[PDB]
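Chemist: The following block contains the structure, expressed as structure tokens.
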Amino acid sequence: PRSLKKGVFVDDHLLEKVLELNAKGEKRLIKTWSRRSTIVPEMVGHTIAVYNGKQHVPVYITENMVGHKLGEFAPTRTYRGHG
Amino acid sequence: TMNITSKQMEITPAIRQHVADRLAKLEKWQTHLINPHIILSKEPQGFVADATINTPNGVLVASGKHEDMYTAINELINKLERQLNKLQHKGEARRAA
Amino acid sequence: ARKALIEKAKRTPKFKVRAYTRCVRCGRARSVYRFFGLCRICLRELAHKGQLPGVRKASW
Amino acid sequence: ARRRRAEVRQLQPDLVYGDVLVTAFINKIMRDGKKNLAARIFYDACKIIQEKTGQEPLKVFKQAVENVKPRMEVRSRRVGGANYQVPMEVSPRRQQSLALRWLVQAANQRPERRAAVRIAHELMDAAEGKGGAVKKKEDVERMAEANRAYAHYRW
Amino acid sequence: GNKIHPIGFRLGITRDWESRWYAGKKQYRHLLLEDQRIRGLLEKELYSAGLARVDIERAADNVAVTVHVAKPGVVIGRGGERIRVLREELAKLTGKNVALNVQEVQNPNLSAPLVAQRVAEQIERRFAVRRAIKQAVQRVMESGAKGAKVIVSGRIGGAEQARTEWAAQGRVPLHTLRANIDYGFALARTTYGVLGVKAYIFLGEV
Amino acid sequence: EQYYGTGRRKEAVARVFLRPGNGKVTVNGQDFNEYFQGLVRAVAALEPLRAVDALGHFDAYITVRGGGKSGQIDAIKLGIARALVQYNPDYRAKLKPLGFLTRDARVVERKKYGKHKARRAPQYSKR
Amino acid sequence: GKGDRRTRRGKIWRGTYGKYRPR
Amino acid sequence: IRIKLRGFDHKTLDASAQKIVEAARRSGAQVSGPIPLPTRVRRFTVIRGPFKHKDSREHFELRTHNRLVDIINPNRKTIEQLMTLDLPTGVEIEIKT
RNA sequence: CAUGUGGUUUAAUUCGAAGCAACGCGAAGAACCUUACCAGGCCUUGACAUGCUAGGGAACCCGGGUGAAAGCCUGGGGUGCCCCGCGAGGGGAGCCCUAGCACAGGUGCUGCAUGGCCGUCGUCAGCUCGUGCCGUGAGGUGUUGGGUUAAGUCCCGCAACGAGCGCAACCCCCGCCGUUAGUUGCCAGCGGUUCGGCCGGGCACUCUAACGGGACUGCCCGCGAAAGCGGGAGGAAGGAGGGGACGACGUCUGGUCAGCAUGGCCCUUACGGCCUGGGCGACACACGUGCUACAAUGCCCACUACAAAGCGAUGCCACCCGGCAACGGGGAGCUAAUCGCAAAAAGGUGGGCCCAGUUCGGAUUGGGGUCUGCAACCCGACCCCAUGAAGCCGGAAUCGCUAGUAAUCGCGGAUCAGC
Ligand SMILES: [Mg+2]
Ligand SMILES: [Mg+2]
Ligand SMILES: [Mg+2]
Ligand SMILES: [Mg+2]
Ligand SMILES: [Mg+2]
Ligand SMILES: [Mg+2]
Ligand SMILES: [Mg+2]
Ligand SMILES: [Mg+2]
Ligand SMILES: [Mg+2]
Ligand SMILES: [Mg+2]
Ligand SMILES: [Mg+2]
Ligand SMILES: [Mg+2]
Ligand SMILES: [Mg+2]
Ligand SMILES: [Mg+2]
Ligand SMILES: [Mg+2]
Ligand SMILES: [Mg+2]
Ligand SMILES: [Mg+2]
Ligand SMILES: [Mg+2]
Ligand SMILES: [Mg+2]
Ligand SMILES: [Mg+2]
Ligand SMILES: [Mg+2]
Ligand SMILES: [Mg+2]
Ligand SMILES: [Mg+2]
Ligand SMILES: [Mg+2]
Ligand SMILES: [Mg+2]
Ligand SMILES: [Mg+2]
Ligand SMILES: [Mg+2]
Ligand SMILES: [Mg+2]
Ligand SMILES: [Mg+2]
Ligand SMILES: [Mg+2]
Ligand SMILES: [Mg+2]
Ligand SMILES: [Mg+2]
Ligand SMILES: [Mg+2]
Ligand SMILES: [Mg+2]
Ligand SMILES: [Mg+2]
Ligand SMILES: [Mg+2]
Ligand SMILES: [Mg+2]
Ligand SMILES: [Mg+2]
Ligand SMILES: [Mg+2]
Ligand SMILES: [Mg+2]
Ligand SMILES: [Mg+2]
Ligand SMILES: [Mg+2]
Ligand SMILES: [Mg+2]
Ligand SMILES: [Mg+2]
Ligand SMILES: [Mg+2]
Ligand SMILES: [Mg+2]
Ligand SMILES: [Mg+2]
Ligand SMILES: [Mg+2]
Ligand SMILES: [Mg+2]
Ligand SMILES: [Mg+2]
Ligand SMILES: [Mg+2]
Ligand SMILES: [Mg+2]
Ligand SMILES: [Mg+2]
Ligand SMILES: [Mg+2]
Ligand SMILES: [Zn+2]
């Protein structure tokens with residue numbers, strides 16, 4: 002994946018915003034452009050609005066969803082089937 | 002099975018299906034139409050229906066042009082028929098002597 | 002998007018990866034030879050004129 | 002091709018028997034240009050047709066050849082409105098070529114496991130007059146005979 | 002479009018590079034680049050001189066550009082004026098020892114790229130395009146060439162139908178390598194578009 | 002003391018050193034048979050001296066470089082054949098009709114643009 | 002199998018090295 | 004005591020080695036002849052046309068041929084008048100010891 | 001399974017190519033960038049050109065706030081000049097700012113307005129002109145004809161005689177030889193030989209890269225009116241020595257306004273410009289090109305050989321080490337005939353598999369790591385554990401190849417951070 006020698010990655014402009022919400026206590030609509038970003042144990046319980054290309058997708062976060070990136074839960078392609 | 006290209010035009014599944022139906026005229030001959038290929042185009046002059054089909058005794062290559070696309074599609078067929086019919090019967094011409 | 006594009010290329014990037022070769026002669030984004038600063042069409046053109054030293058048509 | 006007839010390629014006699022015929026037969030065993038592998042097998046086989054039948058591999062080989070050389074064959078030629086099976090005698094050149102081809106081919110159609118074995122065995126059976134190679138030969142000659150009829154249509 | 006470029010095709014047989022120098026793996030792309038920007042400026046001004054070649058020589062942060070040309074005075078300047086005012090403009094671009102020379106051309110009508118701009122010019126002057134070409138080849142033979150072939154393409158005389166006219170005279174063997182054939186191209190503008198004037202002068206075979 | 006020919010084949014070149022003796026042979030400081038072990042093509046690398054009754058009468062110290070195990074073999078065949086004809090110019094006939102006295106110029110033909118190799122064209126389709 | 006990454010013959014093809022083809 | 008010659012043109016790399024060969028052999032003393040070093044070839048292949056037409060390229064090359072000379076027993080009567088040496092344009096020179 | 005395309009899906013899946021001659025084609029390198037596409041936040045002399053005019057000072061370097069970034073706001077430290085400069089002190093012009101106005105800019109359209117460049121028929125043996133001649137004329141003759149050739153190639157014939165663009169030749173590679181040339185390459189013989197052509201020593205040989213030589217149906221015989229053809233010798237090569245480069249007048253209203261150039265038509269807080277993200281990678285299906293296979297002339301582990309052409313100073317990396325490994329840490333050599341990529345693989349000796357959907361085959365998936373990179377969800381290559389599919393040689397149809405070719409095996413390079 003991304004190398005282990007480097008640091009498990011968040012955009013900084015999100016990480017701070019995450020934690021600015023730790024001080025006062027959750028929970029805000031965090032509109033974001035950061036699919037690049039890992040989900041972090043500090044992100045659990047939040048509902049971050051992930052941008053898929055068109056929309057800021059409301060995404061709830063839990064325990065089982067930590068290693069994955071932010072783009073997984075705002076999928077990008079609309080496909081209801083063929084014919 | 003059967004393929005159609007609409008070059009620098011936008012066409013409908015209606016129009017496509019009609020073209021399926023038109024090539025059928027060829028089915029008459031009861032030989033194999035292998036991977037028939039229709040290409041529809043717009044000249045300044047009017048439209049163009051191209052076609053290239055292999056059958057066990059050769060290929061059909063044709064080009065219809067007309068102000069009416071549908072007419073162009075038919076003229077295409079008229080030429081193809083001719084070719085195919087000659088393909089199926091040019092053999093028999095020399096049976097004797 | 003042309004001169005606007007060749008210009009965005011000339012300038013230094015916001016990150017190191019976005020270095021992309023343009024032709025210096027025509028602005029072509031693709032098939033650009035490091036050794037010349039030219040894309041293959043331009044490449045061929047000067048070499049034909051003779052304005053490319055040592056560069057000749059290889060026959061073997 | 003069109004103009005003058007092609008020239009028969011001359012083979013470099015093999016470095017065991019010095020036989021022009023032997024060379025060809027190896028290359029017919031040859032797959033992907035891996036000649037040595039094929040060269041191995043021919044000789045391997047001789048090893049077998051020496052032990053398994055106590056005399057010259059070589060001699061057995063040229064007999065399997067004379068016994069698979071087809072003498073008359075058919076060559077399709079449309080007359081009028083029908084394709085006729087036309088009977089013709091195989092050029093000397095071609096008897097070899099064919100008899101080679103069929104020998105190997107017949108062999109690979111066998112159940113014993115190493116290629117080395119089969120080429121021996123097939124070359125064994127065919128040397129006497131048995132063998133799937135001869136079966137192809139025998140057949141090609143009946144086709145000729147049966148059609149003796151259409152032989153003034155020979156060219 | 003079939004034909005091979007008859008100059009790229011004689012390079013180092015009957016025609017020698019318009020740039021003679023070595024440069025290494027690390028420099029060539031910049032080195033060549035000046036040679037190009039150098040030639041733009043030069044050809045841009047020196048059109049009116051009737052220039053037919055721009056040579057570029059280099060050794061070590063210095064270049065001797067030779068300009069061969071039809072009417073050398075227009076390049077030289079007022080008794081010595083322009084020539085240097087250009088070595089000035091030059092090393093403004095060059096930034097190194099831009100040593101500008103000149104050369105005269107004995108016959109512009111035996112230098113192909115010249116003959117080419119000439120007739121290319123005539124058409125912009127709304128001239129009779131069949132007759133232009135007729136004369137170009139007709140002048141170049143009177144100027145002694147062993148062969149001649151001028152070729153104009155495009156909306157000739159203004160036509161909507163792009164047409165492609167040409168005449169030729171004597172021999173012009175483009176297949177022969179030992180044959181020396183000068184080739185030069187001029188692109189002429191008119192209100193309706195671009196016409197492509199090509200010139201073919203066979204001078205002699207070695 | 003010595004006899005030399007230069008042998009070539011494809012991109013392979015054979016330097017042959019003959020010195021009359023028990024007939025023994027060496028390739029790059031290595032034994033002949035040891036070097037071409039299991040390549041039946043071999044025994045005709047030493048072939049041309051057989052065209053002139055010379056098997057055991059001469060030895061062979063041999064260098065070889067470039068090409069492949071077999072063209073190398075071939076060049077040796079040329080090189081030893083070369084040397085016997087300096088040693089003994091009455092050896093023209095009885096080596097040249099055997100063709101040993103020549104060097105087949107049959108090399109790899111060039112891979113061309115638009116093809117897949119020298120000659121294998123790419124597969125197309127009318128329909 | 003010239004495409005099975007897990008063999009000698011395979012790492013030659015895919016132009017790599019691994020356990021099945023070390024340097 | 005040695006000079007190295009790198010250029011794109013060969014009638015010149017040979018002519019200039021030739022003259023330095025003549026410079027220091029005349030002017031004392033020993034010169035190890037101009038050695039023809041193997042050429043390193045930078046080749047360029049390029050599709051002939053501007054759009055599509057994949058299988059009709061043009062073939063280009065850039066020969067950079069090498070040359071080495073030695074002036075063996077040095078004797079700076081030579082080493083002087085080499086600063087007085089006439090080198091063409093399309094060749095670059097290298098000296099070390 | 002990879003890739004292009006038809007299609008359908010889609011916010012968008014940018015666009016062109018269209019039977020042969022479109023379809024691993026423009027793409028010799030799409031995560032961003034590229035990038036022309038969509039959603040969303042922005043910019044209005046503007047990312048860039050040449051200018052004219054007013055306010056700052058020029059010219060530059062550094063952080064602050066917001067913000068996804070772009071942007072909107074911004075706290076800072078000095079214009080040389082020549083000037084009256086002792087000073088207050090104003091002008092000025094290279095180069096930035098801010099406001100106007102010209103204009104920029106458009107991968108927006110027409111390849112049916114175009115230059116250029118390419119495909120193609122076609123390396124096919126052809127296409128023409130001058131003058132004469134024949135015909136009221138379009139046009140014929142020549143260029144047909146007998147023979148020969150790879151050839152409008154040559155011979156002979158002839159109201160034709162010539163000439164041109166093509167054919168050929170002159171250019172490159174390989175094949176043989178000689179000259180010049182001797183390190184970084186070569187090592188036959190002497191001496192050492194630290195056991196490495198390592199050193200002495202030498203250029204013999206190998207090579208290297210330059211210069212000539214050579215082949216001309218010249219010789220012989222025969223057939224021939226001749227050109228030529230059959231055949232033998234000599235030679236490394238023999239009838240065009242094998243390959244390449246080169247493509248006639250033209251054809252396809254062939255291809256490209258998206259390489260570029262370009263007439264005209266069209267946009268002008270936008271059809272321009274910047275950025276973040278998404279898309280170009282979509283998946284009921286159809287087609288083209290291809291990779292790997294279905295196995296015993298085979299598969300696997302080990303050990304053992306023989307190339308060539310190339311590339312390589314934020315590059316190739318020896319060798320040492322940690323690591324099953326990808327890799328990581330050390331660290332020597334080389335602007336490279338030295339030093340490195342480097343192992344060539346098929347192949348060779350040996351050993352296992354024993355005809356099985358398998359020790360075939362390597363798709364798909366789970367899981368754990370490596371590297372590039374601001375970032376690998378969409379979407380990178382690689383390693384290892386596990387998984388171990390389809391597939392038992394393929395219908396109609398159909399592609400290539402005439403010799404160092406086809407088949408088969410590996411190696412390099414371009415583009416490129418990676419792929
Ligand atoms: Mg058509
Ligand atoms: Mg009819
Ligand atoms: Mg532009
Ligand atoms: Mg990049
Ligand atoms: Mg690029
Ligand atoms: Mg059979
Ligand atoms: Mg060589
Ligand atoms: Mg052996
Ligand atoms: Mg090959
Ligand atoms: Mg397996
Ligand atoms: Mg295989
Ligand atoms: Mg291709
Ligand atoms: Mg679509
Ligand atoms: Mg378009
Ligand atoms: Mg194609
Ligand atoms: Mg790609
Ligand atoms: Mg993108
Ligand atoms: Mg963009
Ligand atoms: Mg056109
Ligand atoms: Mg088009
Ligand atoms: Mg055009
Ligand atoms: Mg006439
Ligand atoms: Mg009449
Ligand atoms: Mg008259
Ligand atoms: Mg006429
Ligand atoms: Mg004619
Ligand atoms: Mg005629
Ligand atoms: Mg005739
Ligand atoms: Mg020909
Ligand atoms: Mg002629
Ligand atoms: Mg005649
Ligand atoms: Mg010598
Ligand atoms: Mg002859
Ligand atoms: Mg030619
Ligand atoms: Mg068109
Ligand atoms: Mg454009
Ligand atoms: Mg336009
Ligand atoms: Mg107007
Ligand atoms: Mg973007
Ligand atoms: Mg994307
Ligand atoms: Mg694509
Ligand atoms: Mg593939
Ligand atoms: Mg199974
Ligand atoms: Mg298995
Ligand atoms: Mg990715
Ligand atoms: Mg099954
Ligand atoms: Mg089975
Ligand atoms: Mg099959
Ligand atoms: Mg198979
Ligand atoms: Mg069939
Ligand atoms: Mg052929
Ligand atoms: Mg490779
Ligand atoms: Mg590389
Ligand atoms: Mg790469
Ligand atoms: Zn370019």
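Line by line, the protein sequences are chains 1s, 1z, 1n, 1g, 1c, 1i, 1u and 1j. The opening position of the first sequence corresponds to residue 2 in the deposited numbering, with each subsequent residue numbered one higher. The opening position of the second sequence corresponds to residue 2 in the deposited numbering, with each subsequent residue numbered one higher. The opening position of the third sequence corresponds to residue 2 in the deposited numbering, with each subsequent residue numbered one higher. The opening position of the fourth sequence corresponds to residue 2 in the deposited numbering, with each subsequent residue numbered one higher. The opening position of the fifth sequence corresponds to residue 2 in the deposited numbering, with each subsequent residue numbered one higher. The opening position of the sixth sequence corresponds to residue 2 in the deposited numbering, with each subsequent residue numbered one higher. The opening position of the seventh sequence corresponds to residue 2 in the deposited numbering, with each subsequent residue numbered one higher. The opening position of the eighth sequence corresponds to residue 4 in the deposited numbering, with each subsequent residue numbered one higher. Where a beta carbon is used, it is the ideal one built from N, C-alpha and C, also for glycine.
Quick check: the Cα distance between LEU111 (chain 1c) and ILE134 (chain 1c), rounded to an integer number of angstroms?
Modeler: Stepping through the fifth sequence from its first residue, residue 111 (chain 1c) is reached at position 110. Stepping through the fifth sequence from its first residue, residue 134 (chain 1c) is reached at position 133. When rounded, the distance between both Cα atoms is 15 angstroms.
Chemist: Could you name the residues of chain 1j that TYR114 (chain 1i) contacts, counting a contact when the two beta carbons are closer than 8 angstroms?
Modeler: Position 113 of the sixth sequence, counted from the first residue, corresponds to residue 114 (chain 1i). Near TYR114 (chain 1i) (Cβ distances below 8 angstroms), the residues of chain 1j are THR48, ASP58, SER59, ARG60, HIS62.
Chemist: From the DSSP secondary-structure annotation, give me the bridge partner or partners of residue 195 (chain 1g).
Modeler: In this structure chain 1g extends from 2 to 156, so residue 195 (chain 1g) is not present and cannot be described.
Chemist: Determine which residues share a DSSP beta bridge with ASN4 (chain 1z) and list them.
Modeler: In the second sequence, the residue the question calls residue 4 (chain 1z) occupies position 3. Beta-bridge pairing links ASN4 (chain 1z) to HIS38 (chain 1z).
Chemist: Do you know whose CA, among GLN170 (chain 1c), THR165 (chain 1c), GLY159 (chain 1c), lies nearest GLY145 (chain 1c)'s CA?
Modeler: The residue labelled residue 145 (chain 1c) in the question sits at position 144 within the fifth sequence. Of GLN170 (chain 1c), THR165 (chain 1c), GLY159 (chain 1c), the residue nearest in Cα terms is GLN170 (chain 1c).
Chemist: Take the Cβ of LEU96 (chain 1i) as the centre, count every other Cβ of all protein chains shown within 10 Å, and call the residue buried at 16 or more, exposed below.
Modeler: Here residue 96 (chain 1i) refers to the residue found at position 95 of the sixth sequence. Classification of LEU96 (chain 1i): buried, given that the 10 Å Cβ count is 16 or more.
Chemist: CB-CB under 7 angstroms to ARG42 (chain 1i), same chain, minus the five flanking residues each way: which ones, in chain order?
Modeler: On the sixth sequence, residue 42 (chain 1i) is found 41 positions in, with the first residue counted as 1. Same-chain partners within the cutoff: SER71, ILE74.
Chemist: Could you work out which residue in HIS47 (chain 1s), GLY68 (chain 1s), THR33 (chain 1s), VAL41 (chain 1s) is closest to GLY26 (chain 1s) when comparing CA atoms only?
Modeler: As a position in the first sequence, residue 26 (chain 1s) is number 25, starting the count at 1. Checked all of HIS47 (chain 1s), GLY68 (chain 1s), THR33 (chain 1s), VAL41 (chain 1s); the closest Cα to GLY26 (chain 1s) is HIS47 (chain 1s).
Chemist: Specify, as a first and last residue, the run of the alpha helix (DSSP H) that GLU19 (chain 1c) falls within.
Modeler: For the purposes of this step, residue 19 (chain 1c) is identified with residue 18 of the fifth sequence, where counting begins at 1. Unbroken run through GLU19 (chain 1c): none, as it is neither H nor E.
Chemist: For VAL99 (chain 1c) and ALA65 (chain 1c), what's the separation of their Cα atoms in angstroms?
Modeler: Sequence index remark: in the fifth sequence, residue 99 (chain 1c) carries index 98 (1-based). Sequence index remark: in the fifth sequence, residue 65 (chain 1c) carries index 64 (1-based). Using only the alpha carbons, I get a separation of about 6 angstroms.
Chemist: How close, in whole Å, do the beta carbons of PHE63 (chain 1j) and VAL56 (chain 1n) come, if the pair is a contact with beta carbons under 8 angstroms?
Modeler: As a working note, residue 63 (chain 1j) is residue 60 in the eighth sequence. As a working note, residue 56 (chain 1n) is residue 55 in the third sequence. Yes, they are in contact, since the Cβ atoms of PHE63 (chain 1j) and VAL56 (chain 1n) sit about 6 angstroms apart, within 8 angstroms.
Chemist: Regarding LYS4 (chain 1n) and ligand 3, is the C-beta to nearest heavy atom distance less than 8 angstroms?
Modeler: In the third sequence, residue 4 (chain 1n) corresponds to position 3, counting from 1. Yes, ligand 3 has a heavy atom inside 8 angstroms of this Cβ.
Chemist: DSSP puts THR39 (chain 1s) in a beta bridge; with which residues?
Modeler: Numbered from its first residue, the first sequence carries residue 39 (chain 1s) at position 38. Paired residues: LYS70 (chain 1s).
Chemist: Could you tell me the alpha carbon to alpha carbon distance between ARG24 (chain 1u) and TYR18 (chain 1u), rounded to whole angstroms?
Modeler: Along the seventh sequence, one-based indexing puts residue 24 (chain 1u) at 23. Along the seventh sequence, one-based indexing puts residue 18 (chain 1u) at 17. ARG24 (chain 1u) and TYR18 (chain 1u): Cα-Cα distance of roughly 7 angstroms.
Chemist: To be precise: take each residue of the region 2–24 of chain 1c, compare its Cβ to all Cβ atoms of chain 1j, and keep it if any distance is under 7 angstroms. Which residues remain?
Modeler: Hits within the stretch, in order: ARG21, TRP22, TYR23.
Chemist: Distance, Cα to Cα, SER38 (chain 1s) vs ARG29 (chain 1s)?
Modeler: As a working mapping, residue 38 (chain 1s) is identified with position 37 in the first sequence. As a working mapping, residue 29 (chain 1s) is identified with position 28 in the first sequence. Computed Cα separation, rounded: 18 angstroms.
Chemist: Evaluate contact between the region 20–29 of chain 1c and the region 123–142 of chain 1g, counting only Cβ atoms and requiring at least three cross-stretch pairs below 8 angstroms.
Modeler: As far as the Cβ criterion goes, the region 20–29 of chain 1c does not touch the region 123–142 of chain 1g, which means the pair count is below three.
Chemist: By how many angstroms is the C-alpha of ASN36 (chain 1z) removed from the C-alpha of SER126 (chain 1i)?
Modeler: Stepping through the sixth sequence from its first residue, residue 126 (chain 1i) is reached at position 125. Stepping through the second sequence from its first residue, residue 36 (chain 1z) is reached at position 35. The alpha-carbon atoms of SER126 (chain 1i) and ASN36 (chain 1z) are separated by roughly 11 angstroms.
Chemist: Taking 8 angstroms as the cut-off, does the region 76–91 of chain 1j touch the region 22–29 of chain 1j (at least 3 CB pairs, one atom from each stretch)?
Modeler: Yes, the region 22–29 of chain 1j touches the region 76–91 of chain 1j.
Chemist: At a cut of 8 angstroms, does the region 43–54 of chain 1z reach the region 75–84 of chain 1z through at least three beta carbon pairs?
Modeler: Result yes; three or more Cβ-Cβ pairs closer than 8 angstroms.
Chemist: Please state whether the Cβ-Cβ distance between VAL14 (chain 1i) and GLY6 (chain 1i) is less than 9 angstroms.
Modeler: For the purposes of this step, residue 14 (chain 1i) is taken as the residue at position 13 of the sixth sequence. For the purposes of this step, residue 6 (chain 1i) is taken as the residue at position 5 of the sixth sequence. No.
Chemist: How many angstroms separate the CA atom of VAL151 (chain 1c) from the CA atom of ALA129 (chain 1c)?
Modeler: One-based indexing of the fifth sequence puts residue 151 (chain 1c) at position 150. One-based indexing of the fifth sequence puts residue 129 (chain 1c) at position 128. Distance between the alpha carbons of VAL151 (chain 1c) and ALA129 (chain 1c) is about 14 angstroms.
Chemist: Check each candidate in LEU71 (chain 1s), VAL45 (chain 1s), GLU73 (chain 1s), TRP34 (chain 1s) and name the one with the smallest Cα separation from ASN23 (chain 1s).
Modeler: Residue numbering aside, residue 23 (chain 1s) sits at position 22 when the first sequence is read from its first letter. Out of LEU71 (chain 1s), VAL45 (chain 1s), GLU73 (chain 1s), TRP34 (chain 1s), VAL45 (chain 1s) has the C-alpha closest to the C-alpha of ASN23 (chain 1s).
Chemist: Helix, strand or coil, according to DSSP, for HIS14 (chain 1s) in the structure here?
Modeler: Numbered from 1 along the first sequence, position 13 holds the residue referred to as residue 14 (chain 1s). Coil.
Chemist: List the residues of chain 1j whose Cβ lies closer than 9 angstroms to the Cβ of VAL33 (chain 1n), in chain order.
Modeler: What you label residue 33 (chain 1n) is simply residue 32 of the third sequence in a count that begins at 1. Those within 9 angstroms of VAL33 (chain 1n) in chain 1j number zero; the least Cβ separation is about 11 angstroms.
Chemist: Could you tell me which of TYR184 (chain 1c), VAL195 (chain 1c), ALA189 (chain 1c) sits nearest to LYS4 (chain 1c), measuring between CA atoms?
Modeler: As a working note, residue 4 (chain 1c) is residue 3 in the fifth sequence. It is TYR184 (chain 1c).
Chemist: Using 8 angstroms for Cβ pairs, my map puts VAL91 (chain 1g) next to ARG78 (chain 1g). What's the rounded Cβ distance?
Modeler: Position 90 of the fourth sequence, counted from the first residue, corresponds to residue 91 (chain 1g). Position 77 of the fourth sequence, counted from the first residue, corresponds to residue 78 (chain 1g). The Cβ separation is near 15 angstroms, so there is no contact.
Chemist: Using DSSP with H/G/I as helix, E/B as strand and the rest coil, what is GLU74 (chain 1g)?
Modeler: For this step, residue 74 (chain 1g) is matched to residue 73 along the fourth sequence. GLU74 (chain 1g) falls in the strand class under three-state DSSP.
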